[PDB]
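Asker: Hey, dropping final.csv in here, CSV, N, CA and C atoms:
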```csv
chain,number,residue,atom,x,y,z
A,1,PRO,N,-9.3,63.3,41.1
A,1,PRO,CA,-10.0,62.1,41.6
A,1,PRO,C,-9.2,60.8,41.2
A,2,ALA,N,-8.7,60.8,40.0
A,2,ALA,CA,-8.0,59.5,39.6
A,2,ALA,C,-6.8,59.3,40.6
A,3,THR,N,-6.1,60.4,40.9
A,3,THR,CA,-5.0,60.2,41.9
A,3,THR,C,-5.6,59.7,43.2
A,4,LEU,N,-6.7,60.1,43.6
A,4,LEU,CA,-7.3,59.6,44.9
A,4,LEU,C,-7.5,58.1,44.8
A,5,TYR,N,-8.0,57.6,43.6
A,5,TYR,CA,-8.2,56.1,43.5
A,5,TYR,C,-6.8,55.4,43.6
A,6,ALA,N,-5.8,56.0,43.1
A,6,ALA,CA,-4.4,55.5,43.2
A,6,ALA,C,-4.0,55.4,44.6
A,7,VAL,N,-4.1,56.5,45.3
A,7,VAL,CA,-3.7,56.5,46.7
A,7,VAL,C,-4.5,55.5,47.5
A,8,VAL,N,-5.8,55.3,47.2
A,8,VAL,CA,-6.6,54.3,47.9
A,8,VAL,C,-6.0,52.9,47.7
A,9,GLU,N,-5.6,52.6,46.5
A,9,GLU,CA,-5.1,51.3,46.2
A,9,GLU,C,-3.6,51.2,46.6
A,10,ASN,N,-2.8,52.1,46.2
A,10,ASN,CA,-1.3,52.1,46.6
A,10,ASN,C,-1.2,52.1,48.1
A,11,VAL,N,-1.9,52.9,48.8
A,11,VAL,CA,-1.7,52.9,50.3
A,11,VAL,C,-2.5,51.8,50.9
A,12,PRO,N,-1.9,51.1,51.9
A,12,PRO,CA,-2.6,50.0,52.6
A,12,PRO,C,-3.9,50.4,53.3
A,13,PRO,N,-4.9,49.5,53.3
A,13,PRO,CA,-6.2,49.9,54.0
A,13,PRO,C,-6.1,49.7,55.5
A,14,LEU,N,-5.5,48.6,56.0
A,14,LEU,CA,-5.4,48.4,57.4
A,14,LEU,C,-4.6,49.5,58.1
A,15,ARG,N,-3.5,49.9,57.6
A,15,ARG,CA,-2.7,51.0,58.2
A,15,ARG,C,-3.2,52.3,57.6
A,16,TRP,N,-4.2,52.4,56.9
A,16,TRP,CA,-4.7,53.7,56.3
A,16,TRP,C,-4.7,54.8,57.4
A,17,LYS,N,-5.4,54.5,58.5
A,17,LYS,CA,-5.5,55.5,59.6
A,17,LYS,C,-4.1,56.0,59.9
A,18,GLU,N,-3.1,55.2,60.0
A,18,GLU,CA,-1.8,55.7,60.4
A,18,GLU,C,-1.3,56.6,59.2
A,19,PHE,N,-1.6,56.1,58.0
A,19,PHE,CA,-1.2,57.0,56.8
A,19,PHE,C,-2.0,58.3,57.0
A,20,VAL,N,-3.2,58.2,57.4
A,20,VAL,CA,-4.0,59.4,57.6
A,20,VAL,C,-3.4,60.2,58.7
A,21,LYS,N,-2.9,59.6,59.8
A,21,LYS,CA,-2.3,60.4,60.9
A,21,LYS,C,-1.1,61.2,60.3
A,22,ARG,N,-0.4,60.5,59.5
A,22,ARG,CA,0.8,61.2,58.8
A,22,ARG,C,0.2,62.4,58.0
A,23,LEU,N,-1.0,62.2,57.4
A,23,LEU,CA,-1.6,63.2,56.6
A,23,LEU,C,-1.8,64.5,57.4
A,24,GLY,N,-2.1,64.4,58.6
A,24,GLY,CA,-2.2,65.6,59.5
A,24,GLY,C,-3.7,66.0,59.6
A,25,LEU,N,-4.6,65.2,59.2
A,25,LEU,CA,-6.1,65.5,59.3
A,25,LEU,C,-6.5,65.4,60.8
A,26,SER,N,-7.5,66.0,61.2
A,26,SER,CA,-8.0,65.9,62.6
A,26,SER,C,-8.1,64.4,63.0
A,27,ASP,N,-7.5,64.0,64.0
A,27,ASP,CA,-7.6,62.5,64.4
A,27,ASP,C,-9.0,62.1,64.7
A,28,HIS,N,-9.8,62.9,65.4
A,28,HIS,CA,-11.2,62.6,65.7
A,28,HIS,C,-12.0,62.4,64.4
A,29,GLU,N,-11.8,63.3,63.4
A,29,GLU,CA,-12.5,63.2,62.1
A,29,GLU,C,-12.2,61.8,61.5
A,30,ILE,N,-11.0,61.4,61.7
A,30,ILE,CA,-10.6,60.1,61.1
A,30,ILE,C,-11.5,59.0,61.6
A,31,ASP,N,-11.8,59.0,62.9
A,31,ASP,CA,-12.7,57.9,63.4
A,31,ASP,C,-14.1,58.1,62.9
A,32,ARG,N,-14.5,59.3,62.7
A,32,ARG,CA,-15.9,59.6,62.2
A,32,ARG,C,-16.0,59.1,60.7
A,33,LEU,N,-14.9,59.0,60.0
A,33,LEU,CA,-15.0,58.6,58.6
A,33,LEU,C,-15.7,57.3,58.5
A,34,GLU,N,-15.4,56.4,59.4
A,34,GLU,CA,-16.0,55.0,59.4
A,34,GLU,C,-17.5,55.2,59.5
A,35,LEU,N,-18.0,56.0,60.3
A,35,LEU,CA,-19.5,56.2,60.5
A,35,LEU,C,-20.0,56.8,59.1
A,36,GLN,N,-19.3,57.6,58.5
A,36,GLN,CA,-19.8,58.2,57.2
A,36,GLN,C,-20.2,57.0,56.2
A,37,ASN,N,-19.4,56.0,56.2
A,37,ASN,CA,-19.7,54.8,55.3
A,37,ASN,C,-18.7,53.7,55.5
A,38,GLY,N,-18.9,52.8,56.4
A,38,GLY,CA,-17.9,51.7,56.5
A,38,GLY,C,-18.3,50.5,55.6
A,39,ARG,N,-19.4,50.5,55.0
A,39,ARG,CA,-19.8,49.4,54.2
A,39,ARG,C,-18.8,49.2,53.0
A,40,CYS,N,-18.2,50.3,52.6
A,40,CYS,CA,-17.2,50.2,51.5
A,40,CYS,C,-15.8,50.7,52.0
A,41,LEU,N,-14.9,49.9,52.3
A,41,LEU,CA,-13.6,50.4,52.8
A,41,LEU,C,-13.0,51.4,51.8
A,42,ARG,N,-13.1,51.1,50.5
A,42,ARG,CA,-12.6,52.1,49.5
A,42,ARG,C,-13.3,53.4,49.7
A,43,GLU,N,-14.6,53.4,49.9
A,43,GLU,CA,-15.3,54.6,50.1
A,43,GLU,C,-14.8,55.3,51.4
A,44,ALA,N,-14.5,54.6,52.4
A,44,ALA,CA,-13.9,55.2,53.6
A,44,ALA,C,-12.6,55.8,53.3
A,45,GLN,N,-11.7,55.0,52.8
A,45,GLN,CA,-10.3,55.6,52.4
A,45,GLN,C,-10.6,56.7,51.4
A,46,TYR,N,-11.5,56.5,50.5
A,46,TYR,CA,-11.8,57.6,49.5
A,46,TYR,C,-12.3,58.8,50.3
A,47,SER,N,-13.0,58.6,51.4
A,47,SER,CA,-13.6,59.7,52.1
A,47,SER,C,-12.4,60.6,52.6
A,48,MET,N,-11.3,60.0,53.0
A,48,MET,CA,-10.1,60.8,53.4
A,48,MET,C,-9.7,61.6,52.2
A,49,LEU,N,-9.4,61.0,51.1
A,49,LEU,CA,-8.9,61.7,49.9
A,49,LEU,C,-10.0,62.6,49.4
A,50,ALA,N,-11.2,62.3,49.5
A,50,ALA,CA,-12.3,63.1,49.0
A,50,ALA,C,-12.6,64.2,50.0
A,51,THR,N,-13.0,63.8,51.2
A,51,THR,CA,-13.3,64.8,52.3
A,51,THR,C,-12.1,65.8,52.5
A,52,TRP,N,-10.9,65.3,52.4
A,52,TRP,CA,-9.7,66.1,52.6
A,52,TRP,C,-9.7,67.3,51.6
A,53,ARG,N,-9.9,67.0,50.4
A,53,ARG,CA,-10.0,68.1,49.3
A,53,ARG,C,-11.1,69.1,49.7
A,54,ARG,N,-12.2,68.6,50.2
A,54,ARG,CA,-13.3,69.5,50.6
A,54,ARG,C,-13.0,70.2,51.9
A,55,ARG,N,-12.9,69.4,53.0
A,55,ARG,CA,-12.6,70.1,54.3
A,55,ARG,C,-11.3,70.9,54.3
A,56,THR,N,-10.2,70.3,53.8
A,56,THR,CA,-8.9,71.1,53.8
A,56,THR,C,-9.0,72.2,52.7
A,57,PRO,N,-8.5,73.3,53.0
A,57,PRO,CA,-8.4,74.4,52.0
A,57,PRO,C,-7.2,74.3,51.1
A,58,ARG,N,-7.1,73.2,50.4
A,58,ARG,CA,-6.0,73.0,49.5
A,58,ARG,C,-6.5,73.3,48.0
A,59,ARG,N,-6.1,74.4,47.5
A,59,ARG,CA,-6.6,74.7,46.1
A,59,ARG,C,-6.0,73.7,45.1
A,60,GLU,N,-4.9,73.1,45.4
A,60,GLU,CA,-4.3,72.2,44.4
A,60,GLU,C,-3.1,71.4,45.0
A,61,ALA,N,-2.6,70.4,44.4
A,61,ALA,CA,-1.5,69.6,44.9
A,61,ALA,C,-2.0,68.8,46.1
A,62,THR,N,-3.2,68.3,46.0
A,62,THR,CA,-3.7,67.4,47.1
A,62,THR,C,-2.8,66.2,47.2
A,63,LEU,N,-2.5,65.6,46.1
A,63,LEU,CA,-1.6,64.4,46.2
A,63,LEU,C,-0.2,64.9,46.7
A,64,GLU,N,0.2,66.1,46.4
A,64,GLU,CA,1.5,66.6,46.9
A,64,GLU,C,1.6,66.4,48.4
A,65,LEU,N,0.6,66.9,49.2
A,65,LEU,CA,0.7,66.7,50.6
A,65,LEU,C,0.7,65.2,50.9
A,66,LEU,N,-0.1,64.4,50.2
A,66,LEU,CA,-0.1,63.0,50.4
A,66,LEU,C,1.2,62.4,50.0
A,67,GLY,N,1.9,62.9,49.0
A,67,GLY,CA,3.2,62.4,48.5
A,67,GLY,C,4.2,62.5,49.6
A,68,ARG,N,4.2,63.7,50.3
A,68,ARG,CA,5.2,63.9,51.4
A,68,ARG,C,4.9,62.9,52.5
A,69,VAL,N,3.6,62.6,52.7
A,69,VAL,CA,3.3,61.6,53.7
A,69,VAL,C,3.9,60.2,53.2
A,70,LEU,N,3.8,60.0,52.0
A,70,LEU,CA,4.3,58.7,51.4
A,70,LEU,C,5.8,58.6,51.6
A,71,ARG,N,6.5,59.7,51.4
A,71,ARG,CA,8.0,59.7,51.6
A,71,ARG,C,8.3,59.5,53.0
A,72,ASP,N,7.6,60.1,53.9
A,72,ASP,CA,7.8,59.8,55.4
A,72,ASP,C,7.6,58.4,55.7
A,73,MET,N,6.6,57.8,55.0
A,73,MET,CA,6.3,56.3,55.3
A,73,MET,C,7.1,55.5,54.3
A,74,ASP,N,8.0,56.0,53.6
A,74,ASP,CA,8.8,55.2,52.6
A,74,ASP,C,7.8,54.6,51.5
A,75,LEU,N,6.9,55.4,51.1
A,75,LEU,CA,5.9,54.9,50.1
A,75,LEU,C,6.2,55.6,48.7
A,76,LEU,N,7.4,56.0,48.5
A,76,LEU,CA,7.7,56.7,47.3
A,76,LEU,C,7.4,55.8,46.1
A,77,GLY,N,7.6,54.5,46.3
A,77,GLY,CA,7.3,53.5,45.2
A,77,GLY,C,5.8,53.6,44.9
A,78,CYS,N,5.0,53.7,45.9
A,78,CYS,CA,3.5,53.8,45.7
A,78,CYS,C,3.2,55.1,45.0
A,79,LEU,N,3.8,56.2,45.4
A,79,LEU,CA,3.5,57.5,44.6
A,79,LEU,C,3.9,57.3,43.2
A,80,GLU,N,5.0,56.7,42.9
A,80,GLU,CA,5.3,56.5,41.4
A,80,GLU,C,4.2,55.7,40.7
A,81,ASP,N,3.6,54.7,41.4
A,81,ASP,CA,2.5,54.0,40.8
A,81,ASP,C,1.3,54.9,40.7
A,82,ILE,N,1.0,55.7,41.8
A,82,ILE,CA,-0.1,56.6,41.7
A,82,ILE,C,0.2,57.6,40.6
A,83,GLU,N,1.4,58.1,40.5
A,83,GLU,CA,1.8,59.0,39.5
A,83,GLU,C,1.4,58.4,38.1
A,84,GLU,N,1.7,57.2,37.9
A,84,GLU,CA,1.3,56.5,36.7
A,84,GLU,C,-0.2,56.6,36.4
A,85,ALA,N,-0.9,56.5,37.5
A,85,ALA,CA,-2.4,56.7,37.3
A,85,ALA,C,-2.7,58.0,36.6
A,86,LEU,N,-2.1,59.0,37.1
A,86,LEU,CA,-2.4,60.4,36.4
A,86,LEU,C,-1.9,60.3,35.0
A,87,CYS,N,-0.9,59.5,34.7
A,87,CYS,CA,-0.3,59.4,33.3
A,87,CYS,C,-0.8,58.1,32.7
```
Just dump the structure as structure tokens.
Answerer:
Amino acid sequence: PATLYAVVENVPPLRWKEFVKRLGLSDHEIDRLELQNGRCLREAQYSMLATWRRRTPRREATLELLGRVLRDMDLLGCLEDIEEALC
């Protein structure tokens, strides 16, 4: 969960969907995330990091898949900040 808060802050909100597209989650589910709760953008972005752990069958390394997305988006600096959150 703490890593999810880091990804929500380190990753930009406006381009979050693009970051989500790099995540590989169903594109249509991404649009539905706003319906789940758009009153709180952090809750929406958190929905991706939270719903992903639930909907995706990833037993562990949830940030790992996200980290690879960061590297593709040149967000390695952000992962280091997110990594600091875990530490």
Asker: Leaving out residue 11 (chain A) and any residue of its chain fewer than 2 positions from it, which residues lie within 12 Å of it when counting only C-alpha atoms, given as a VMD selection string?
Answerer: chain A and resid 3 to 9 13 to 20 42 45 to 46 48 to 49 66 to 67 69 to 71 73 to 82
Asker: Can you tell me how far CA of residue 65 (chain A) sits from CA of residue 47 (chain A), in Å to one decimal?
Answerer: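 CA of residue 47 (chain A) lies 16.0 Å from CA of residue 65 (chain A).
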Asker: Atom C of residue 85 (chain A) to atom N of residue 51 (chain A): how many Å, to one decimal?
Answerer: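 Atom N of residue 51 (chain A) lies 18.8 Å from atom C of residue 85 (chain A).
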Asker: Any idea what the distance is between atom C of residue 30 (chain A) and atom C of residue 56 (chain A)?
Answerer: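 Separation of atom C of residue 30 (chain A) and atom C of residue 56 (chain A): 16.1 Å.
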Asker: Taking the chain letters and numbering used in this document, name the residues of region 6-51 of chain A that DSSP puts in helix (DSSP H, G or I), as a PyMOL selection string.
Answerer: chain A and resi 6-10+16-23+27-36+41-51
Asker: Would you list the contacts of residue 34 (chain A) as a list in words, taking every protein, DNA or RNA residue within 10 Å and counting only C-alpha atoms, but skipping same-chain residues closer than 4 positions in sequence?
Answerer: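 That gives residues 29, 30, 38, 39, 40, 41, 43, 44, 45 and 47 of chain A.
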Asker: As JSON, please: the centre and edge lengths in Å, to one decimal, of an axis-aligned box enclosing every listed atom of region 68-78 of chain A with 6 Å added on each side.
Answerer:
```
{"center_x": 6.0, "center_y": 58.7, "center_z": 50.3, "size_x": 17.6, "size_y": 22.4, "size_z": 22.8}
```
Asker: Could you tell me which of A:50, A:23, A:58, A:72 comes closest to residue 1 (chain A) if we count all atoms listed in the file?
Answerer: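 Looking at the shortest contact to residue 1 (chain A), the residue is A:50.
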